[PDB]
Amino acid sequence: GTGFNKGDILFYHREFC
Amino acid sequence: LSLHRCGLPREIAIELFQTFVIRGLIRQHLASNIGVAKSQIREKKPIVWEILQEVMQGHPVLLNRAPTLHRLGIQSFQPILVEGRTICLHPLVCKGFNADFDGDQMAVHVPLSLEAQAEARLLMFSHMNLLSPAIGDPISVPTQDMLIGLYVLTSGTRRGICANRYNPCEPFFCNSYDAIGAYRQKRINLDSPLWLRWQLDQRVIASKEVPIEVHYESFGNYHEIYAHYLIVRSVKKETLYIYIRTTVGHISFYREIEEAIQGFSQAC
Amino acid sequence: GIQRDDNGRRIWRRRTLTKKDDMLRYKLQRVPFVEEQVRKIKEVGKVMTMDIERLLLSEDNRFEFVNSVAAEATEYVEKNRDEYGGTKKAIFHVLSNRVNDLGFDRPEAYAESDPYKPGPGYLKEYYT
Amino acid sequence: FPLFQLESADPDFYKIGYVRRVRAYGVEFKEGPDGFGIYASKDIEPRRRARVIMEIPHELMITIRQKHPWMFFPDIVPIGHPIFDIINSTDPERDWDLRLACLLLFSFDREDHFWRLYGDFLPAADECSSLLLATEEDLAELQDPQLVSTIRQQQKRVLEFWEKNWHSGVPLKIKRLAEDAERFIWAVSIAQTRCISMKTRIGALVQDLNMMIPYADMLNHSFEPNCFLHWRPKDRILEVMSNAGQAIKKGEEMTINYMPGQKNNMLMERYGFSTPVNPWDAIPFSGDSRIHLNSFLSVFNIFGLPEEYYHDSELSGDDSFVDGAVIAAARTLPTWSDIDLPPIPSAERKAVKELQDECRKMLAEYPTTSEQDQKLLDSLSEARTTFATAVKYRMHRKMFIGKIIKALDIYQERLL
Amino acid sequence: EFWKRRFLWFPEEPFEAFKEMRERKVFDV
Amino acid sequence: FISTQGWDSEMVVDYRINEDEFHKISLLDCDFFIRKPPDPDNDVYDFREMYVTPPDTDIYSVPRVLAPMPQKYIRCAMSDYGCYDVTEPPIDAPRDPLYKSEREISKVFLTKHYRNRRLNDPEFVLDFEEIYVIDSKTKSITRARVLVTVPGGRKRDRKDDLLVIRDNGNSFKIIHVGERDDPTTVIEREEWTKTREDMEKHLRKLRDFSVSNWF
Amino acid sequence: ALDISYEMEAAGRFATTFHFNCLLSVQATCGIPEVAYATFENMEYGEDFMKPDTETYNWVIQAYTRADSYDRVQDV
Amino acid sequence: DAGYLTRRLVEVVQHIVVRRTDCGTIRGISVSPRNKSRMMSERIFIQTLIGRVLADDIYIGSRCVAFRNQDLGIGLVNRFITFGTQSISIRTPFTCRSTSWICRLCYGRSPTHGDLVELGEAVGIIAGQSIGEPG
Amino acid sequence: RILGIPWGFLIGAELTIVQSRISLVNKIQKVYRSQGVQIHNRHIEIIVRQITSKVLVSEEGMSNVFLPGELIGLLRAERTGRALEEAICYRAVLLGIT
Amino acid sequence: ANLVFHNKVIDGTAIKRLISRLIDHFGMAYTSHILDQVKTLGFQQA
Amino acid sequence: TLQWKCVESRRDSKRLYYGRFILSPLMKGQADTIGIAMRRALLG
Ligand SMILES: Nc1ncnc2c1ncn2[C@@H]1O[C@H](CSCC[C@H](N)C(=O)O)[C@@H](O)[C@H]1O
Ligand SMILES: [Mg+2]
Ligand SMILES: [Zn+2]
């Protein structure tokens, strides 16, 4: 039954502007 | 009751669903802690029953009669709160349980985990177990009182010497609703013969026999008279009228099944 | 098959039945007295039985269906614990969502109440 | 306040299906001058899973086994019928359409069969776009000797089969199926243009079938479709499913992929049409002048492996230029790749100039242009469907070459 | 091969039984 | 064209006729062919050349004739005779039909128009004294034994007569339209007769039946 | 390898005799014949592309003949 | 006595579960309608054959009317009876290549669910309960 | 005596078991049909298959593969019959459900 | 609903056969509602 | 207070009207008597 078959770049690097 | 419902006494329901009632009490801030909730449950406060009725919705239970001879000896139902101290059981599931109401008792079980509730709802409910695994015959078939009612309903007219004292050398209704309305107004009996205008295809079970008598008119129209229906045909036109000789009982049975099908279709 | 009627409009032949089907007249008729029946079906929750049968028409194995429904309900309860257990049941929500995913509109988790309850405190007494 | 503020199909077309358990959800049938089509009657909102659009019961189809022996599902052919003898003598590999044509004629002659009614909505001999109905004049406008030869061979095969099996001495039940040759030719054209092949399980039997499916052959072709066919074995129903999570707006046509990875020539041979945005079309280059594949893909935002090129449609924003034609160009242009070796722009300029020269030579080889072909189509008033089909085919090929030219131009422009 | 040659209600007669098994497709050469 | 009158009753001809000039009458056990002279109404029949075949088969055979046949073209009205076969076929596939109704035609009556008048004629009446019966079981064609009870004899008002067909299409009687019987009366007569005989058979086994009365 | 094969079959590509033989090449040396026999039973009663070949029979036989305990002559 | 009988019936087949789709067997029990010792009752010939999976192709002349690995509907059985089909080869529990489990094809259609039996079904306990229940 | 190497034991066991299964189902179905009980043939065939699935190694067949009197499966016995000629001697045995 | 029109009698055998045909044609969800309606009709006429 | 209200109304066609009405609060046994009398009055 139901038991069958076992059931960070790009940051701190932005454009300074 | 519905075929998928059962009735539980207040005491059995409050015992079985006690933890869920405690959760319902605490969740809506009506109980400070578990102990206060249990004290409220012991006092039979009127708000305990609202929470019990709320938490019993959608939570199935398992019924079981003592001599479980096959798998239909335990089935799953949707519990509802009923007055008294007895378990309310549907009449059509008694044959599967082999139960009659002369002293029999049943045990009730509550699936707790979501997996068990899903199993009970999707595998053990009565509306998906209409066939017996032994041979494949239906198990929820009307019996006894219902069978007698259907037999009386579909037992047609008295015929022959049981209808007329002497050798014979009936109303016409536009639709079945007119016939049933006339029956309600005591104009006709349950088994008195009548002619019903038929505007569908020939679908009446009858003996495969030629007409008793054909009344052919010189203008072209001819009437074919069978044992249970009259058919009017013409050679000039393609018209074809059908009148069924029946009773209010056959009409009622056919309309009951047809309306059940149509209402179930419309509800979805 | 191309033909323009001198004004830029293209004239084309419409397709028609051009034949008799006796199943049309006899089948497109409606029963008029099932209002109470439909209302009672909705009240007791047989539409969910129809939905459950419909969902299993696309499942090769029903045990796998039950396991998947239970897993989805478990995810529902884990993500939003407080929303379930009362008027909203997780398994009913899963069933309604799976029916709604087919494009068939259903009330959420088949949650319904009685509009005719005469104020707070009154409990319906079932007539056995 | 409320007070202050293509044609619909014949209702009987859907009604005859509806009374026989055919259900269409959220879509309506519309008929235009080109032909029948299926369009969303409202806004098909995107759900988590695929949405059910249509449901066609198995009993309304005309299906035959794709592999020997020939068994029909549902079994409409009686035991001992000569039509089975006609069917059973066909070549198992290439004569699949003849068997379906025989089944179509047999069903059209069957009184209680559904296709006797549904057959009145099939395109007629003057409305079908199949090239089996094209004459020598229409084939002359394909501007492709190979396709013309293929069409002539197919017509010869069909006519030979009809002459072989419909001679004088055939019984009356067979002669009335196809009194004259063009009836059988139209049957074969309908079979070729509307057949659907699929692997279906019926009960416990799994097999491939060639199927004439009503209400599903009305779907039109697309190489970027919003719908697909799924067979439901438990109740023997074919489902038309819209793609999961793909929003569809009101009036948007519902389309399926008739056959993936097939160029316009195969589409013309089988379904009698072609599309200008075919992402599998080929143009034979010399191969001496080559461009950089990676730069070409990155400029037009074409991602995925060579068999799953797809436009992202996000970085472009509004660039309608990038479509299946650019994908086909990337799949057919001579390209070189050296992992991470960048391309020198100077060589790219020379390569694209040579490729544009090749494309312009190809355009010059055609007697006419694409714009004049469109003008001829607009001014056309007394031509067959196959005539316009051939004109559109050559116009689409010219459009593809021009798109290649413009893509090379913008690629060399954006290389800096 | 010798046993295959010799092999050529189920009846009590052994060779009739062999022929029956061949006809009922119980066993064959 | 050909004259089948006086030929064999159940022999198979050695050619395939053209059905475009014939009346194809389809019955349960055979398809009946009668030569059709051209006419806009298609109600004109030529009985000199007739053929009978098994249903949907082009192996033609001359039908058996049990009575003299017309020689001149006569306009006739066709009406079939048979029963309905409403069965409950086994449900094999999904959505298999719950019932199946078919019209089993066993007899076809060909009634001559009076003086071969047309249907559109305002003076159109049917001649019930001229009826030809086609039988599927015997693959034959006959003329009906018509019994006339309405006063008038050979000359009368054809508008006031009514034809009654009983006994499996074998009894033909002409009565006045005024004395037409109700369908209820016919059904009740049959029921009364059958139930009276059944009751007399049931009571016969009692040993005081010989000294008992009906009432 | 087993995790990747499960993920491959989840993605829509079913395992063939090649992947099963690769898995059996490690199971045959675990000292427990039942693991290799479970894999073999999965292969034998499956689809046509999962059917065992000579290498599969060799792996299962090697697993059984080099077992730690109990007699495996009947199994072989 | 029946309670004791039922426990032993469930016990012997409690481990039988549908665990494979097709064991791959080629054997098939032969069913014959005509026997020269008795005129077979068609009613028995039907109810036993319904739901069985054919182990071999069935032919009428040069036409195949029923294929291998095909569920036997009631329409096919009547067609077999209507014509002169003397041999029918079906897949039964006697033909499965295992005594510890059974496959879907060797079992047949589900006794209650209409379609073919599903994997993971404890058909052994259902078999034991079905026999011992009416005892 | 007619057939020697396993075709003696293999065919003998096959013929005995095939006949046993037919009669075992018939006797059980005859008893229930006499009482009006309707049980499908599948349920009985599930029970009988376990009754008729074993063979008994004969008292003279001695090797290192099987010992005389050992209860082995029918399929295992026939598979070892084709692969070995080490006195694989067996006869079909009917076992009760206990 | 293409239901045949019974016009003779509904006994125990007929109702059992009718329900089985309804399950095959309509399914167990439709037939479960038909059983509930027929149950009331039989009780109401008894 | 005892009041009544129409809770549903429809017109499917020109010869088919439907309506549903309510009456509350009522005492035990009154609703059945009122319904029986009203149904008899409506029907005849
Ligand atoms: N995308 C497309 N553009 C032009 N024609 C198409 C098309 N997709 C399909 N067709 C045409 O439609 C046919 C498939 S049947 C589709 C419906 C058909 N147009 C009708 O009205 O009956 C094919 O013969 C093909 O010629
Ligand atoms: Mg009791
Ligand atoms: Zn098996």
Side-chain angles (χ1 to χ4, degrees), chain E, chain I residues 1-31 33 41-42 44-45 48-56 58 61 72-94:
Chain E
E1 271 295 332
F2 181 71
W3 308 123
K4 290 176 68 175
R5 297 194 205 97
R6 183 168 281 188
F7 182 79
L8 307 180
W9 294 99
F10 290 86
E12 311 89 326
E13 207 283 320
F15 298 93
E16 285 288 344
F18 296 158
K19 184 188 178 185
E20 205 77 7
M21 297 186 317
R22 283 194 301 275
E23 281 192 355
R24 309 263 279 279
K25 304 184 182 302
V26 171
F27 195 89
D28 199 65
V29 315
Chain I
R1 300 207 162 280
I2 298 179
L3 303 165
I5 65 167
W7 327 119
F9 306 101
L10 160 67
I11 297 179
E14 201 77 9
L15 175 60
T16 292
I17 282 178
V18 162
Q19 180 66 86
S20 301
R21 290 171 175 172
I22 296 176
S23 57
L24 273 165
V25 176
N26 287 16
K27 286 304 176 183
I28 298 176
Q29 279 286 168
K30 197 185 308 302
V31 171
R33 289 174 189 171
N41 264 22
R42 273 201 299 267
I44 303 187
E45 285 175 327
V48 177
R49 176 61 181 269
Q50 303 301 304
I51 290 180
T52 63
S53 62
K54 294 289 181 59
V55 300
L56 197 58
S58 67
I72 67 179
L74 172 74
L75 278 174
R76 163 165 290 188
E78 305 182 13
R79 289 161 180 173
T80 60
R82 302 179 184 266
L84 311 183
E85 54 178 30
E86 284 274 333
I88 312 302
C89 310
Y90 56 93
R91 188 163 295 163
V93 58
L94 300 193

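Reminder, nothing fancy here: chain letters follow the sequence lines and each chain counts from 1.
- Within residues 14-25 of chain I, the residues having any heavy atom less than 4.5 Å from a heavy atom of chain E are, in residue-number order, I:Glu14, I:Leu15, I:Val18, I:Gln19, I:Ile22.
- The local environment of CZ in E:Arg22 is crowded, with over 12 non-hydrogen atoms from other residues, nucleotides or ligands closer than 6.0 Å.
- By the salt bridge (charged side-chain N to carboxylate O under 4.0 Å, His left out) test, I:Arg76 pairs with G:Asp75, sequence neighbours left out.
- Contact count versus chain E (heavy atoms, under 4.5 Å) is highest, among I:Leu10, I:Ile11, I:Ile5, for I:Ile11.
- Checked by atom type and distance alone, the side chain of E:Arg6 never pairs as donor or acceptor with a backbone atom of I:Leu3 at under 3.5 Å.
- Of all residues spanning residues 12-19 of chain E, those with a heavy atom less than 4.5 Å away from chain I's heavy atoms are E:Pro14, E:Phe15, E:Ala17, E:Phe18, arranged by number.
- If you measure heavy-atom distances from E:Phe10 to chain I, the contacts under 4.5 Å come from both the backbone and the side chain.
- Shown here are the salt bridge (charged side-chain N to carboxylate O under 4.0 Å, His left out) partners of I:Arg82, two or more places apart in sequence or in another chain: there are none.
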